[PDB]
Engineer: 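Dumping the structure here so I can ask a few things about it.
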Amino acid sequence: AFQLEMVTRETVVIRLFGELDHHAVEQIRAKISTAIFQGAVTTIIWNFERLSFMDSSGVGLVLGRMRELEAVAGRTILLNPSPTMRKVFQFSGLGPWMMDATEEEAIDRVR
């Protein structure tokens with residue numbers, strides 16, 4: 001399961017819950033890619049805290065949206081990754097985008 005909450009103007013928290021299979025990955029990709037293109041989203045906070053696991057294609061989901069954001073000088077935050085997700089994202093050098101904090105601390109930072 002997942003939530004796409006527009007916590008504040010053009011900032012979306014992608015909240016992940018339990019398993020994220022490839023149908024769900026595709027639902028997120030379509031909605032959020034469109035939102036970036038339209039300018040409705042310029043900051044994504046990925047909250048991985050309560051993700052159990054996700055399809056293989058979820059890594060690409062994140063990385064693809066990072067490239068779409070970079071184009072509009074958008075911001076990406078990887079919040080509270082589990083050991084598997086921290087490993088896969090560190091492999092791609094994304095340490096600088098990963099952080100461990102409360103969701104409110106992360107959101108308030110980008111306010």
Side-chain angles (χ1 to χ4, degrees):
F2 69 83
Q3 290 176 332
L4 308 184
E5 168 187 332
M6 295 302 305
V7 69
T8 194
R9 177 166 191 191
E10 302 188 350
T11 302
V12 64
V13 177
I14 303 186
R15 218 170 274 109
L16 303 181
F17 296 106
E19 159 181 15
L20 191 81
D21 72 16
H22 80 84
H23 293 294
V25 165
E26 172 56 24
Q27 285 174 308
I28 297 174
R29 186 212 56 84
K31 179 85 57 71
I32 298 301
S33 177
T34 295
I36 295 168
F37 293 148
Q38 289 183 347
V41 165
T42 58
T43 294
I44 296 177
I45 297 169
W46 299 89
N47 190 342
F48 297 106
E49 187 178 3
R50 307 212 149 154
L51 178 76
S52 63
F53 65 90
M54 70 181 187
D55 190 79
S56 51
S57 68
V59 178
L61 168 70
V62 175
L63 282 195
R65 261 73 271 141
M66 289 190 63
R67 291 313 296 181
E68 286 167 347
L69 281 179
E70 185 84 357
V72 298
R75 293 180 275 180
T76 286
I77 288 181
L78 312 172
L79 182 67
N80 293 343
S82 80
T84 292
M85 296 304 307
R86 189 183 308 273
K87 176 176 180 61
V88 83
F89 288 142
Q90 282 281 349
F91 193 74
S92 194
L94 292 177
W97 283 266
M98 277 202 283
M99 64 158 74
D100 294 293
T102 70
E103 196 188 85
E104 294 91 343
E105 284 167 353
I107 290 163
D108 291 353
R109 172 89 175 36
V110 299
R111 268 183 206 277

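What you see below is based on every heavy atom in this structure, not just the backbone, and it leaves out hydrogens, waters and symmetry mates. Starting from 1, each residue takes its place in the sequence as its number.
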Engineer: Do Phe2 and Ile32 land in one hydrophobic cluster if side-chain heavy atoms of ILVMFWY residues count as linked below 4.5 Å?
Structural biologist: yes

Engineer: Which side chain to side chain donor-acceptor pair (under 3.5 Å) pairs, counting each pair once, include a residue from residues 53-65, with sequence neighbours left out?
Structural biologist: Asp55-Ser57, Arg65-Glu68

Engineer: Give the minimum heavy-atom separation between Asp100 and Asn80, together with the two atoms involved.
Structural biologist: CA-OD1, 3.3 Å

Engineer: Which pair of heavy atoms, one from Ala106 and one from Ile77, lies closest together, and at what distance?
Structural biologist: O-CD1, 4.2 Å

Engineer: Identify each donor-acceptor pair in which a side-chain atom of residues 9-20 lies under 3.5 Å from a protein atom, sequence neighbours left out, and give them as a table.
Structural biologist:
unit_1: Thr11; atom_1: OG1; unit_2: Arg9; atom_2: O; d: 3.3
unit_1: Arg15; atom_1: NE; unit_2: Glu103; atom_2: OE2; d: 2.7
unit_1: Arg15; atom_1: NH1; unit_2: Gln3; atom_2: OE1; d: 2.8
unit_1: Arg15; atom_1: NH1; unit_2: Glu5; atom_2: OE1; d: 3.1
unit_1: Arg15; atom_1: NH2; unit_2: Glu5; atom_2: OE1; d: 2.8
unit_1: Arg15; atom_1: NH2; unit_2: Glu103; atom_2: OE1; d: 2.9
unit_1: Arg15; atom_1: NH2; unit_2: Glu103; atom_2: OE2; d: 3.4

Engineer: For the residue pair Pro81 and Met98, what are the closest heavy atoms and their distance?
Structural biologist: CG-SD, 3.6 Å

Engineer: Roughly how far apart are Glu104 CD and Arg111 CZ, rounded to 0.5 Å?
Structural biologist: 9.5 Å

Engineer: Taking all atoms of both residues into account, what is the closest heavy-atom pair of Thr76 and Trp97, and its distance?
Structural biologist: O-CD1, 3.2 Å

Engineer: To the closest 0.5 Å, what do you measure between OG1 (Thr102) and CG (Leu79)?
Structural biologist: 8.0 Å

Engineer: Please collect all side chain to side chain donor-acceptor pair (under 3.5 Å) contacts where either partner lies in residues 35-46, sequence neighbours excluded, each pair once.
Structural biologist: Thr43-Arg75

Engineer: Apply side chain to side chain contact (heavy atoms under 4.5 Å, CB included) to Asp21 and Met54, showing your working.
Structural biologist: CA-CA 6 Å; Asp21 72 16; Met54 70 181 187; over 6 Å; no

Engineer: Please determine whether side chain to side chain contact (heavy atoms under 4.5 Å, CB included) holds for the pair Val62 and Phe48, giving the CA-CA distance in whole Å, both sets of side-chain angles, and the decisive distance to 0.1 Å.
Structural biologist: CA-CA 11 Å; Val62 175; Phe48 297 106; 4.1 Å; yes

